[PDB]
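run.pdb follows (PDB, C-alpha atoms (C1' of nucleotides)):
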```
ATOM      1  CA  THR C   1     -35.092  -6.185  57.354  1.00  0.00           C
ATOM      2  CA  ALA C   2     -32.479  -3.641  56.282  1.00  0.00           C
ATOM      3  CA  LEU C   3     -34.678  -1.328  54.203  1.00  0.00           C
ATOM      4  CA  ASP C   4     -36.779  -0.224  57.180  1.00  0.00           C
ATOM      5  CA  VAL C   5     -33.826   0.533  59.468  1.00  0.00           C
ATOM      6  CA  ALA C   6     -32.145   2.310  56.557  1.00  0.00           C
ATOM      7  CA  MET C   7     -35.210   4.522  56.084  1.00  0.00           C
ATOM      8  CA  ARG C   8     -35.491   5.275  59.805  1.00  0.00           C
ATOM      9  CA  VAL C   9     -31.809   6.208  60.083  1.00  0.00           C
ATOM     10  CA  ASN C  10     -32.196   8.359  56.968  1.00  0.00           C
ATOM     11  CA  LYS C  11     -35.125  10.210  58.551  1.00  0.00           C
ATOM     12  CA  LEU C  12     -33.183  10.723  61.782  1.00  0.00           C
ATOM     13  CA  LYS C  13     -30.140  11.989  59.864  1.00  0.00           C
ATOM     14  CA  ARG C  14     -32.303  14.379  57.841  1.00  0.00           C
ATOM     15  CA  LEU C  15     -33.930  15.726  61.008  1.00  0.00           C
ATOM     16  CA  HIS C  16     -30.428  16.184  62.424  1.00  0.00           C
ATOM     17  CA  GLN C  17     -29.483  18.109  59.276  1.00  0.00           C
ATOM     18  CA  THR C  18     -32.383  20.545  59.685  1.00  0.00           C
ATOM     19  CA  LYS C  19     -28.695  17.764  67.944  1.00  0.00           C
ATOM     20  CA  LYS C  20     -27.206  17.454  71.422  1.00  0.00           C
ATOM     21  CA  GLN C  21     -26.594  13.723  72.053  1.00  0.00           C
ATOM     22  CA  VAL C  22     -28.978  12.962  69.149  1.00  0.00           C
ATOM     23  CA  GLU C  23     -26.037  11.286  67.393  1.00  0.00           C
ATOM     24  CA  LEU C  24     -26.456   8.449  69.903  1.00  0.00           C
ATOM     25  CA  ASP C  25     -29.840   7.858  68.299  1.00  0.00           C
ATOM     26  CA  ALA C  26     -29.590   6.239  64.840  1.00  0.00           C
ATOM     27  CA  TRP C  27     -26.195   4.984  65.995  1.00  0.00           C
ATOM     28  CA  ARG C  28     -27.830   2.176  67.956  1.00  0.00           C
ATOM     29  CA  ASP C  29     -29.495   1.173  64.686  1.00  0.00           C
ATOM     30  CA  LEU C  30     -26.100   0.847  62.989  1.00  0.00           C
ATOM     31  CA  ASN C  31     -25.091  -1.395  65.894  1.00  0.00           C
ATOM     32  CA  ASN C  32     -28.414  -3.237  65.497  1.00  0.00           C
ATOM     33  CA  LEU C  33     -27.624  -4.920  62.168  1.00  0.00           C
ATOM     34  CA  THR C  34     -26.995  -8.668  62.166  1.00  0.00           C
ATOM     35  CA  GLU C  35     -25.393 -10.675  59.376  1.00  0.00           C
ATOM     36  CA  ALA C  36     -28.517 -12.472  58.141  1.00  0.00           C
ATOM     37  CA  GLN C  37     -30.072  -9.127  57.234  1.00  0.00           C
ATOM     38  CA  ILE C  38     -26.913  -8.107  55.359  1.00  0.00           C
ATOM     39  CA  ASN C  39     -26.608 -11.272  53.257  1.00  0.00           C
ATOM     40  CA  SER C  40     -29.997 -10.540  51.632  1.00  0.00           C
ATOM     41  CA  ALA C  41     -30.174  -6.726  51.668  1.00  0.00           C
ATOM     42  CA  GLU C  42     -30.580  -4.815  48.414  1.00  0.00           C
ATOM     43  CA  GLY C  43     -28.115  -2.198  47.206  1.00  0.00           C
ATOM     44  CA  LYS C  44     -30.456   0.712  47.923  1.00  0.00           C
ATOM     45  CA  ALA C  45     -30.379  -0.064  51.638  1.00  0.00           C
ATOM     46  CA  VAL C  46     -26.588  -0.471  51.519  1.00  0.00           C
ATOM     47  CA  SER C  47     -26.115   2.928  49.876  1.00  0.00           C
ATOM     48  CA  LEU C  48     -28.401   4.510  52.466  1.00  0.00           C
ATOM     49  CA  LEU C  49     -26.434   2.946  55.334  1.00  0.00           C
ATOM     50  CA  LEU C  50     -23.141   4.092  53.813  1.00  0.00           C
ATOM     51  CA  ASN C  51     -24.349   7.680  53.423  1.00  0.00           C
ATOM     52  CA  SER C  52     -25.745   7.749  56.963  1.00  0.00           C
ATOM     53  CA  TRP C  53     -22.524   6.174  58.257  1.00  0.00           C
ATOM     54  CA  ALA C  54     -20.374   8.882  56.693  1.00  0.00           C
ATOM     55  CA  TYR C  55     -22.649  11.716  57.827  1.00  0.00           C
ATOM     56  CA  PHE C  56     -22.676  10.443  61.406  1.00  0.00           C
ATOM     57  CA  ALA C  57     -18.919   9.809  61.412  1.00  0.00           C
ATOM     58  CA  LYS C  58     -18.301  13.444  60.463  1.00  0.00           C
ATOM     59  CA  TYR C  59     -18.861  14.344  64.142  1.00  0.00           C
ATOM     60  CA  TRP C  60     -18.351  11.119  66.125  1.00  0.00           C
ATOM     61  CA  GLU C  61     -16.251  11.408  69.274  1.00  0.00           C
ATOM     62  CA  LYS C  62     -13.786   8.561  68.705  1.00  0.00           C
ATOM     63  CA  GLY C  63     -13.632   5.827  66.100  1.00  0.00           C
ATOM     64  CA  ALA C  64     -15.891   5.317  63.113  1.00  0.00           C
TER      65      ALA C  64
ATOM     66  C1'   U W   1     -42.550  20.020  53.152  1.00  0.00           C
ATOM     67  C1'   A W   2     -38.457  17.868  49.967  1.00  0.00           C
ATOM     68  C1'   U W   3     -33.227  13.261  48.546  1.00  0.00           C
ATOM     69  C1'   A W   4     -29.001  17.518  44.921  1.00  0.00           C
ATOM     70  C1'   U W   5     -27.136  21.608  40.394  1.00  0.00           C
ATOM     71  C1'   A W   6     -22.795  20.952  37.240  1.00  0.00           C
ATOM     72  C1'   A W   7     -19.486  22.369  29.485  1.00  0.00           C
ATOM     73  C1'   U W   8     -14.203  26.992  26.942  1.00  0.00           C
ATOM     74  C1'   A W   9     -10.484  26.065  22.544  1.00  0.00           C
ATOM     75  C1'   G W  10      -4.155  27.847  20.746  1.00  0.00           C
ATOM     76  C1'   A W  11       0.262  24.373  17.446  1.00  0.00           C
ATOM     77  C1'   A W  12       0.627  23.044  10.849  1.00  0.00           C
ATOM     78  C1'   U W  13       6.191  19.468  10.215  1.00  0.00           C
ATOM     79  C1'   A W  14       8.878  14.489   3.886  1.00  0.00           C
ATOM     80  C1'   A W  15      13.000   7.736   4.543  1.00  0.00           C
ATOM     81  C1'   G W  16      14.250   4.601   0.591  1.00  0.00           C
ATOM     82  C1'   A W  17      14.884  -3.137  -1.513  1.00  0.00           C
ATOM     83  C1'   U W  18       9.229  -9.254  -0.288  1.00  0.00           C
ATOM     84  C1'   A W  19      12.851 -15.343  -5.106  1.00  0.00           C
ATOM     85  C1'   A W  20       5.887 -13.084 -10.168  1.00  0.00           C
ATOM     86  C1'   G W  21       1.808 -13.721 -13.886  1.00  0.00           C
ATOM     87  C1'   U W  22       6.186 -11.689 -22.381  1.00  0.00           C
ATOM     88  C1'   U W  23       7.706 -14.118 -26.317  1.00  0.00           C
ATOM     89  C1'   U W  24       4.548 -16.672 -32.613  1.00  0.00           C
ATOM     90  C1'   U W  25       8.373 -13.525 -40.053  1.00  0.00           C
ATOM     91  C1'   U W  26      12.995 -12.635 -40.187  1.00  0.00           C
ATOM     92  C1'   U W  27      13.625  -9.678 -44.592  1.00  0.00           C
ATOM     93  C1'   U W  28      14.940  -5.599 -48.137  1.00  0.00           C
ATOM     94  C1'   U W  29      18.818  -2.294 -50.119  1.00  0.00           C
ATOM     95  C1'   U W  30      24.191  -0.992 -51.206  1.00  0.00           C
ATOM     96  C1'   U W  31      29.504  -2.471 -51.779  1.00  0.00           C
ATOM     97  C1'   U W  32      33.590  -6.234 -52.421  1.00  0.00           C
ATOM     98  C1'   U W  33      35.330 -11.338 -53.814  1.00  0.00           C
ATOM     99  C1'   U W  34      34.637 -16.223 -56.255  1.00  0.00           C
ATOM    100  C1'   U W  35      31.921 -19.648 -59.719  1.00  0.00           C
ATOM    101  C1'   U W  36      28.533 -20.538 -64.091  1.00  0.00           C
ATOM    102  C1'   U W  37      25.936 -18.861 -68.656  1.00  0.00           C
ATOM    103  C1'   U W  38      25.039 -15.259 -72.820  1.00  0.00           C
ATOM    104  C1'   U W  39      26.680 -11.022 -76.034  1.00  0.00           C
ATOM    105  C1'   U W  40      30.600  -7.684 -78.129  1.00  0.00           C
ATOM    106  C1'   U W  41      35.915  -6.479 -79.243  1.00  0.00           C
ATOM    107  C1'   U W  42      41.303  -7.864 -79.793  1.00  0.00           C
ATOM    108  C1'   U W  43      45.385 -11.672 -80.444  1.00  0.00           C
ATOM    109  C1'   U W  44      47.160 -16.753 -81.844  1.00  0.00           C
ATOM    110  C1'   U W  45      46.419 -21.778 -84.204  1.00  0.00           C
ATOM    111  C1'   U W  46      43.841 -25.103 -87.778  1.00  0.00           C
ATOM    112  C1'   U W  47      40.513 -26.063 -92.107  1.00  0.00           C
ATOM    113  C1'   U W  48      37.765 -24.372 -96.673  1.00  0.00           C
ATOM    114  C1'   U W  49      36.900 -20.766-100.883  1.00  0.00           C
ATOM    115  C1'   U W  50      38.543 -16.579-104.071  1.00  0.00           C
ATOM    116  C1'   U W  51      42.377 -13.294-105.998  1.00  0.00           C
TER     117        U W  51
END
```
Could you express the structure from this file as structure tokens?
Amino acid sequence: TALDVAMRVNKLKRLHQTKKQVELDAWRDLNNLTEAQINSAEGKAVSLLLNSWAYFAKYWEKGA
RNA sequence: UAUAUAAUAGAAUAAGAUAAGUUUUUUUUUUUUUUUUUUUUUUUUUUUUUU
């Protein structure tokens, strides 16, 4: 589901906050999501993914 | 070993038309003019009585 990947990416982002190439990790999870998970995900997971997305994209090489 | 906090100000002063919701004597006083009645006075005519 989406809640578990959201929590794992949140933990990885928090550990990053407290880093070389680590941004590749927890970015594969964002590329992991399929539609069927999204059509039934709750809003808590969505907010977590959005926050993690922004925090990662602060330092991404190219694109977002 | 944590995912999260939030607060500063000031003024004294007025325009103005909408086709609407009562009615319950009429009379008193003063003056002038005309008409009618009564009383008083004067003049004329007629009749009666007295000198």
Problem - Contacts of stretch 27-37 of chain C at 8 Å (only C-alpha atoms (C1' of nucleotides); same-chain gap of 5+ positions) as a count of residues only - result: 7
Where does chain C meet chain W within 12 Å, residue by residue, with the nearest atom pair and distance in Å to one decimal for each, counting all atoms listed in the file, listed by chain and rising number, as a tab-separated table?
```
residue	atom	partner	partner_atom	distance
C:7	CA	W:3	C1'	11.7
C:10	CA	W:3	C1'	9.8
C:11	CA	W:3	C1'	10.6
C:13	CA	W:3	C1'	11.8
C:14	CA	W:3	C1'	9.4
C:18	CA	W:2	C1'	11.8
C:48	CA	W:3	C1'	10.7
C:51	CA	W:3	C1'	11.6
```
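Atom pair atom CA of residue C:6 / atom CA of residue C:26: separated by 9.5 Å.
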